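Colleague: Mind looking over this structure? Questions follow.
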Amino acid sequence: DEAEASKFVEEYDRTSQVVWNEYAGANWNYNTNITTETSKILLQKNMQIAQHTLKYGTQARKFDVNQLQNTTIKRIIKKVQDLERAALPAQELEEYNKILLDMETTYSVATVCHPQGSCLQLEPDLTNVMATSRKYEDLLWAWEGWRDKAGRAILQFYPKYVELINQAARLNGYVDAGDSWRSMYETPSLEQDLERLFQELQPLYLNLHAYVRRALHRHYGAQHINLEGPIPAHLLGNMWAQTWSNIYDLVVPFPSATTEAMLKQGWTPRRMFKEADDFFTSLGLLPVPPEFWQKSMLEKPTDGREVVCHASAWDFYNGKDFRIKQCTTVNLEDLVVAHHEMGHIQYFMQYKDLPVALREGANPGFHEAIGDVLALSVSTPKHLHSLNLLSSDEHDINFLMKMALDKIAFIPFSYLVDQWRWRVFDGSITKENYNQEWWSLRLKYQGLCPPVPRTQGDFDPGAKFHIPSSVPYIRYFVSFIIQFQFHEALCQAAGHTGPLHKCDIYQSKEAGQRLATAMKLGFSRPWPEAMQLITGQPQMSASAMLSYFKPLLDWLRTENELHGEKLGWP
Ligand SMILES: *[C@@H]1O[C@H](CO[C@@H]2O[C@@H](C)[C@@H](O)[C@@H](O)[C@@H]2O)[C@@H](O[C@@H]2O[C@H](CO)[C@@H](O[C@@H]3O[C@H](CO[C@H]4O[C@H](CO)[C@@H](O)[C@H](O[C@H]5O[C@H](CO)[C@@H](O)[C@H](O)[C@@H]5O)[C@@H]4O)[C@@H](O)[C@H](O)[C@@H]3O)[C@H](O)[C@H]2NC(C)=O)[C@H](O)[C@H]1NC(C)=O
Ligand SMILES: C[C@H](N[C@@H](CCc1ccccc1)C(=O)O)C(=O)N1Cc2ccccc2C[C@H]1C(=O)O
Ligand SMILES: [Cl-]
Ligand SMILES: [Cl-]
Ligand code: NA
Ligand SMILES: [Zn+2]
């Protein structure tokens, strides 16, 4: 009985590794070569994994986990009881798989065209426009056009998607898909805990917002920026106004105090990933295997192939084959993304000897945080100078501002995406109100407004990758808080004293060992245990992020007071 459960999970593990390896292959092949042939093979392999999931999930529900003694086996069996989409009847499963493929393909191949002119793709063309253009009308063209071509094209699929993902969730014991997603944290108090974290970041965000709004007023003109109102959503350097540091040049605190350098000094996608690999091994963490260099797709193909560019990290479930797929551009932003992705690979490597059911991060935010922690150190002026990419309190404030434009601005954005989705999933937001409710949250949390009134048929959420790709978002909110807790702890372990923002953990084997111990746990233990291993305490806390940015909070409050700024908006 305990012995039958044990046999049970050993069979599940051997067979799952095979079937999931085959599925991952097919998924990779489609993602790196969108065609009717790779699509067919993918939709077929979907049916194979579904059949396996159904078989072993059915058997897992036969056990009473309330009676099982071994806590590992109990946990594994409990997890395998969740069939996900494989719970759906065949007709619905087929329709759901097709909807998901159609959504992700629509997003990844959408283009925005000038008449009798060229057609731009999101990566790299529209990304580049949003980062570098300082002309209202040109930014508006890219911003609106991307929504018109990607967002509006997702709308036809989204209501049925919601029906079917919710139907699957109910068949697995949840009330809706949002309930199921939140369950990944195993934290009954999650919604309140996240809300309290968000509230703690509000002083810093409102101060940053007002400061940036002032700067935008200077460049884009008084007639286009209301100093007591929300900021137009196309002016922040990024398609979603999720991270703002591409407009650093417009907001630099101290003018008198890297892309050109990276290009001129011969950086390439492969060198960028080598740098990241080197950073991991400097901490005594694992190098990526030779296979990774052979099989990864580290730049957009030139050969014609249509691909899913949006960067991702892949585990092929055999303990050996790990890959990144990224349409890498040579710049510092993308170097940060490369490190983000390499953190996923590092996690995959660290937990590769666990049973597959426990091959996940302690929670999804932990998986998102690892690579970002290393990138915090990469980003420091000291470290960028060490890489030759660069040649005082003023310098300090400038650097904190650059960091804040990405890390603090992202907090409200990352919070809001799943506040919207949880309310779609629970039925609170119907299809008639999708776009209005998206904008009411964009206002409430980020203090943004759309530069052109939205119209019938718009579906702006569809223009953000994780929406059509059905990837949960709250993990990134969690990540952006906890990564600073990890940085604080690893900097302490490495013996750093003085301001946390001056910390660089490069070469610290003590920092590496802290992270490795936690990563090796996988999903085997409640996530607070992993939090405590790394930090010495069990909770999510904004204290570390606040500590990092303290000198900037102080500077921004003084600066905003001198200009008589009215924080917030109506
Ligand atoms: C409750 O049961 C758990 C689980 O027990 C194991 O799994 C069940 C299904 C049975 O098959 C049982 O025989 C197994 O032991 C108990 O936890 C285990 O306890 C043992 C003994 O302390 C511990 O042993 C260590 O294993 C470490 C890592 O092992 C893996 O990596 C090896 C080298 O890479 C390799 O030989 C194996 O790797 C494969 O294993 C995965 C699972 O099958 C597979 O998916 C993957 O592809 C891997 O390649 C090996 O499993 C190693 O570092 C140490 O030296 C130890 O020998 C296990 O780590 C531990 N397992 C887990 C998941 O915790 C637990 O003790 C028990 N409780 C009680 C009170 O009885
Ligand atoms: C680049 C990354 N891509 C996802 C891809 C996630 C994925 C999961 C399952 C199937 C396919 C894709 C990731 O690897 O988690 C990303 O989506 N962000 C990281 C990041 C990096 C820098 C700044 C912000 C963010 C958040 C997020 C994003 O860009 O929206
Ligand atoms: Cl939007
Ligand atoms: Cl998540
Ligand atoms: Na994208
Ligand atoms: Zn990630």
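By convention in this document, the chains of the structure tokens carry letters A, B, ... by their order, each chain's residues are numbered from 1, and ligands are numbered from 1 in the order they are shown.
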Apply DSSP to the structure's backbone, then extract all residues of range 291-452 of chain A labelled strand (DSSP E or B) and return them as a list in words.
Modeller: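 Put together, the selection reads residues 297, 312, 313, 314, 315, 322, 323, 324, 325, 448 and 449 of chain A.
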Colleague: Just want the 8 Å neighbourhood of residue 207 in chain A, counted on only C-alpha atoms, with same-chain residues fewer than 2 positions away dropped. Output as a PyMOL selection string.
Modeller: chain A and resi 203-205+209-211+553+556-557+560+567
Colleague: Take the selection from the previous step and output its residues with C-alpha atoms, as a short mmCIF file (atom, residue, chain, number, x, y, z; two decimals), in the first residue's frame.
Modeller:
```cif
data_model
loop_
_atom_site.label_atom_id
_atom_site.label_comp_id
_atom_site.auth_asym_id
_atom_site.auth_seq_id
_atom_site.Cartn_x
_atom_site.Cartn_y
_atom_site.Cartn_z
CA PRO A 203 6.07 55.78 -2.04
CA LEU A 204 8.98 54.90 -4.32
CA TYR A 205 6.78 54.32 -7.38
CA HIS A 209 6.34 58.47 -11.61
CA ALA A 210 6.12 62.18 -10.74
CA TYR A 211 9.80 62.75 -11.51
CA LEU A 553 13.78 57.65 -2.38
CA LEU A 556 13.32 61.91 -5.34
CA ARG A 557 11.32 63.28 -2.43
CA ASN A 560 9.79 66.49 -6.26
CA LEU A 567 2.09 62.80 -6.48
#
```
Colleague: Residues within 8 Å of ligand 2 should be enumerated using only C-alpha atoms and all ligand atoms and returned as a ChimeraX atom specification.
Modeller: /A:242-243,310-313,333,336-337,340-341,344,368,372,406,410,414,464-466,469-471,473,476
Colleague: Go ahead and save the picked residues with N, CA and C atoms, as a compact mmCIF listing (two decimals), in the first residue's frame.
Modeller:
```txt
# COMPACT_ATOMS: atom_id res chain seq x y z
N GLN A 242 6.43 48.70 -19.12
CA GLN A 242 6.69 47.85 -18.00
C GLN A 242 8.03 48.12 -17.31
N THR A 243 8.99 48.55 -18.12
CA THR A 243 10.32 48.94 -17.67
C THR A 243 10.64 50.21 -18.46
N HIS A 310 10.05 35.37 -28.55
CA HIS A 310 10.06 35.83 -27.13
C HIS A 310 10.93 34.87 -26.31
N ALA A 311 11.93 35.43 -25.61
CA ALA A 311 12.99 34.63 -25.02
C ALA A 311 12.46 33.58 -24.02
N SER A 312 12.99 32.34 -24.09
CA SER A 312 12.60 31.31 -23.13
C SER A 312 13.71 30.28 -22.96
N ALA A 313 13.60 29.58 -21.84
CA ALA A 313 14.51 28.55 -21.38
C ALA A 313 13.80 27.21 -21.26
N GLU A 333 20.21 45.67 -22.25
CA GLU A 333 18.90 45.16 -21.91
C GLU A 333 18.83 43.67 -22.19
N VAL A 336 20.85 41.51 -19.89
CA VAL A 336 20.03 41.21 -18.70
C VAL A 336 19.02 40.10 -18.95
N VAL A 337 18.37 40.13 -20.12
CA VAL A 337 17.48 39.02 -20.45
C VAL A 337 18.27 37.70 -20.55
N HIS A 340 18.74 36.46 -17.13
CA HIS A 340 17.44 35.95 -16.68
C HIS A 340 17.25 34.49 -17.16
N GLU A 341 17.40 34.29 -18.47
CA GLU A 341 17.22 32.97 -19.06
C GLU A 341 18.23 31.97 -18.53
N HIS A 344 17.16 30.29 -15.35
CA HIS A 344 16.30 29.15 -15.51
C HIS A 344 17.09 27.87 -15.82
N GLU A 368 12.07 32.60 -11.59
CA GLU A 368 12.26 33.87 -12.25
C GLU A 368 13.35 34.71 -11.60
N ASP A 372 18.08 37.05 -12.51
CA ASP A 372 18.02 38.48 -12.20
C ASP A 372 18.96 38.88 -11.06
N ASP A 406 13.86 50.44 -14.28
CA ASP A 406 13.45 49.08 -14.61
C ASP A 406 12.74 48.42 -13.42
N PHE A 410 8.45 48.42 -12.85
CA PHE A 410 7.87 47.12 -13.13
C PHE A 410 6.93 46.60 -12.04
N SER A 414 3.64 44.43 -13.09
CA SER A 414 3.67 42.99 -12.82
C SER A 414 2.57 42.59 -11.87
N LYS A 464 0.38 41.53 -25.34
CA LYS A 464 1.43 41.21 -24.38
C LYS A 464 1.62 39.71 -24.36
N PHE A 465 2.83 39.23 -24.65
CA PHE A 465 3.11 37.83 -24.92
C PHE A 465 2.40 36.86 -23.97
N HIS A 466 2.49 37.08 -22.65
CA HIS A 466 2.05 36.06 -21.69
C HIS A 466 0.55 35.84 -21.72
N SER A 469 0.04 33.44 -24.78
CA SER A 469 0.83 32.24 -24.48
C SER A 469 0.41 31.54 -23.17
N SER A 470 -0.55 32.13 -22.45
CA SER A 470 -1.07 31.52 -21.21
C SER A 470 0.04 31.20 -20.22
N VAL A 471 0.87 32.22 -19.98
CA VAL A 471 1.94 32.12 -19.01
C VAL A 471 1.55 33.02 -17.83
N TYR A 473 1.69 35.52 -14.66
CA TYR A 473 2.52 36.70 -14.53
C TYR A 473 2.95 37.06 -13.09
N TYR A 476 6.52 37.26 -11.75
CA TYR A 476 7.50 38.32 -12.00
C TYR A 476 7.43 39.38 -10.91
```
Colleague: Give me, as a list in words, the set of residues whose atoms come within 7 Å of any atom of ligand 4, counting only C-alpha atoms and all ligand atoms.
Modeller: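 So, counting only C-alpha atoms and all ligand atoms, the residues near ligand 4 are residues 181, 182, 184, 364, 365, 472, 473, 474 and 475 of chain A.
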Colleague: Which residues are near range 148-151 of chain A? Cut-off 9 Å, only C-alpha atoms, ignore same chain within fewer than 4 positions. Put them as a list in words.
Modeller: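 Contacts, with the query itself left out: residues 106, 107, 108, 109, 110, 111, 112, 143, 144, 155, 458, 459, 460, 461, 462, 463 and 464 of chain A.
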Colleague: Using only C-alpha atoms and all ligand atoms, which of the listed residues (A:375, A:494, A:515, A:239) sits closest to ligand 3?
Modeller: A:239
Colleague: At what distance in Å, to one decimal, does atom 67 (C, counted along the ligand's line) of ligand 1 lie from CA of residue 7 in chain A?
Modeller: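 Separating CA of residue 7 in chain A from atom 67 (C, counted along the ligand's line) of ligand 1 is a distance of 13.2 Å.
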Colleague: Do a neighbour search on range 248-253 of chain A at 7 Å with only C-alpha atoms, toss out local chain neighbours closer than 3 positions, and write the hits as number ranges by chain.
Modeller: A: 212, 215, 245, 398, 402
Colleague: Can you write just those residues out, N, CA and C atoms, as a PDB file, in the first residue's frame?
Modeller:
```pdb
ATOM      1  N   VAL A 212       9.549  61.323 -13.452  1.00  0.00           N
ATOM      2  CA  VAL A 212       9.580  61.008 -14.866  1.00  0.00           C
ATOM      3  C   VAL A 212       8.549  61.844 -15.634  1.00  0.00           C
ATOM      4  N   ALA A 215       9.943  65.188 -16.410  1.00  0.00           N
ATOM      5  CA  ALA A 215      10.937  65.121 -17.483  1.00  0.00           C
ATOM      6  C   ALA A 215      10.273  64.988 -18.847  1.00  0.00           C
ATOM      7  N   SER A 245      13.868  52.062 -18.407  1.00  0.00           N
ATOM      8  CA  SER A 245      15.215  52.615 -18.467  1.00  0.00           C
ATOM      9  C   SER A 245      15.686  53.005 -19.859  1.00  0.00           C
ATOM     10  N   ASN A 398      22.546  58.663 -10.267  1.00  0.00           N
ATOM     11  CA  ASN A 398      22.292  58.345 -11.672  1.00  0.00           C
ATOM     12  C   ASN A 398      22.090  56.830 -11.827  1.00  0.00           C
ATOM     13  N   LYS A 402      18.748  54.677 -12.984  1.00  0.00           N
ATOM     14  CA  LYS A 402      18.681  53.739 -14.076  1.00  0.00           C
ATOM     15  C   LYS A 402      18.066  52.433 -13.593  1.00  0.00           C
TER      16      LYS A 402
END
```
Colleague: Might you pull out every residue within 6 Å of range 501-504 of chain A, with only C-alpha atoms counted and same-chain residues fewer than 2 positions away left off, and present them as a list in words?
Modeller: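 Final neighbour list, sorted by chain and number: residues 377, 499, 506 and 548 of chain A.
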Colleague: Given the choices A:436, A:167, A:281, A:326, which gets closest to ligand 6 if the distance is worked out from only C-alpha atoms and all ligand atoms?
Modeller: A:326
Colleague: Would you please give, as a PyMOL selection string, all residues of range 266-400 of chain A that DSSP assigns to alpha helix (DSSP H) based on the backbone?
Modeller: chain A and resi 269-282+290-295+332-350+364-378+381-386+393-400
Colleague: Tell me, as a VMD selection string, which residues lie within 6 Å of range 37-51 of chain A, counting only C-alpha atoms; anything in the same chain fewer than 5 positions away does not count.
Modeller: chain A and resid 23 26 to 27 30 86
Colleague: Have a look at A:353, A:82, A:138, A:565 and name the one nearest to residue 13 in chain A; count only C-alpha atoms.
Modeller: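 Distance minimum relative to residue 13 in chain A lands on A:353.
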Colleague: Do you have the CA of residue 345 in chain A-CA of residue 322 in chain A distance handy?
Modeller: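 It comes out at 6.5 Å.
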Colleague: Counting only C-alpha atoms, what is within 12 Å of residue 28 in chain A, bar same-chain residues fewer than 3 positions away, as a compact mmCIF listing (two decimals) with N, CA and C atoms, in the first residue's frame?
Modeller:
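To be explicit, this is the file written out as out.txt:
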```txt
# COMPACT_ATOMS: atom_id res chain seq x y z
N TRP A 20 7.66 13.28 -21.88
CA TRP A 20 7.82 14.73 -21.84
C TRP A 20 9.00 15.18 -22.71
N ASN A 21 10.05 14.35 -22.80
CA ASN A 21 11.19 14.61 -23.66
C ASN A 21 10.73 14.72 -25.11
N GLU A 22 9.84 13.79 -25.53
CA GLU A 22 9.32 13.80 -26.88
C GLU A 22 8.44 15.02 -27.15
N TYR A 23 7.62 15.37 -26.17
CA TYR A 23 6.76 16.54 -26.31
C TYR A 23 7.61 17.82 -26.44
N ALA A 24 8.59 17.97 -25.55
CA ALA A 24 9.46 19.13 -25.56
C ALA A 24 10.15 19.28 -26.92
N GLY A 25 10.64 18.15 -27.48
CA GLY A 25 11.24 18.17 -28.80
C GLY A 25 10.34 18.80 -29.85
N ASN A 31 8.47 25.96 -32.19
CA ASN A 31 8.82 27.28 -31.73
C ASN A 31 9.99 27.85 -32.54
N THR A 32 10.84 26.97 -33.12
CA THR A 32 12.01 27.40 -33.83
C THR A 32 11.84 27.24 -35.34
N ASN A 33 10.63 26.87 -35.79
CA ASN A 33 10.31 26.69 -37.19
C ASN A 33 8.80 26.53 -37.32
N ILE A 34 8.09 27.66 -37.31
CA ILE A 34 6.64 27.63 -37.40
C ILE A 34 6.26 27.19 -38.81
N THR A 38 5.52 21.15 -38.57
CA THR A 38 5.90 21.10 -37.16
C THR A 38 4.69 21.31 -36.25
N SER A 39 3.70 22.05 -36.73
CA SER A 39 2.45 22.25 -36.00
C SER A 39 1.66 20.96 -35.84
N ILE A 41 2.86 17.94 -35.99
CA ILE A 41 3.58 17.02 -35.12
C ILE A 41 3.34 17.43 -33.66
N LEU A 42 3.40 18.74 -33.40
CA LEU A 42 3.12 19.27 -32.07
C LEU A 42 1.71 18.91 -31.61
N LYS A 45 1.74 15.30 -30.64
CA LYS A 45 2.46 14.99 -29.41
C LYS A 45 1.67 15.46 -28.19
N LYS A 295 22.69 23.20 -29.52
CA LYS A 295 21.26 23.07 -29.82
C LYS A 295 20.46 24.34 -29.56
N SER A 296 20.97 25.27 -28.78
CA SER A 296 20.23 26.48 -28.50
C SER A 296 20.08 27.33 -29.77
N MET A 297 19.07 28.23 -29.77
CA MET A 297 18.84 29.23 -30.78
C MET A 297 19.04 30.57 -30.09
N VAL A 307 9.74 32.14 -36.37
CA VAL A 307 9.99 31.60 -35.04
C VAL A 307 9.22 32.41 -34.00
N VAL A 308 9.05 31.79 -32.82
CA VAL A 308 8.60 32.47 -31.60
C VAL A 308 9.85 33.13 -31.03
N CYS A 309 10.00 34.44 -31.20
CA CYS A 309 11.20 35.11 -30.72
C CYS A 309 11.21 35.21 -29.19
N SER A 312 12.99 32.34 -24.09
CA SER A 312 12.60 31.31 -23.13
C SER A 312 13.71 30.28 -22.96
N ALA A 313 13.60 29.58 -21.84
CA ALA A 313 14.51 28.55 -21.38
C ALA A 313 13.80 27.21 -21.26
N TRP A 314 14.45 26.17 -21.80
CA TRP A 314 13.80 24.86 -22.04
C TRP A 314 14.54 23.73 -21.35
N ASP A 315 13.77 22.93 -20.60
CA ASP A 315 14.24 21.68 -20.04
C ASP A 315 13.59 20.54 -20.83
N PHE A 316 14.44 19.65 -21.36
CA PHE A 316 14.00 18.50 -22.14
C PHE A 316 13.85 17.23 -21.29
N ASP A 321 19.90 17.82 -21.66
CA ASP A 321 19.55 18.72 -22.75
C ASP A 321 18.74 19.89 -22.18
N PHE A 322 19.39 21.04 -22.17
CA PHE A 322 18.82 22.30 -21.76
C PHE A 322 19.13 23.33 -22.83
N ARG A 323 18.15 24.19 -23.20
CA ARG A 323 18.36 25.11 -24.31
C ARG A 323 17.74 26.48 -24.02
N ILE A 324 18.32 27.54 -24.58
CA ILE A 324 17.63 28.81 -24.66
C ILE A 324 17.26 29.07 -26.14
N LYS A 325 16.08 29.70 -26.28
CA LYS A 325 15.59 30.22 -27.54
C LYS A 325 15.33 31.73 -27.40
```
Colleague: Tell me which of A:194, A:122, A:518, A:286 sits closest to ligand 5, counting only C-alpha atoms and all ligand atoms.
Modeller: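 Looking only at the distances to ligand 5, the closest residue turns out to be A:122.
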Colleague: Show me which residues sit within 12 Å of ligand 1 when counting only C-alpha atoms and all ligand atoms, and put them as a ChimeraX atom specification.
Modeller: /A:2-18,21,68-77,316-320,348-359,520-525
Colleague: How far is it from CA of residue 35 in chain A to CA of residue 53 in chain A, in Å with one decimal?
Modeller: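 Straight-line distance from CA of residue 35 in chain A to CA of residue 53 in chain A works out to 26.6 Å.
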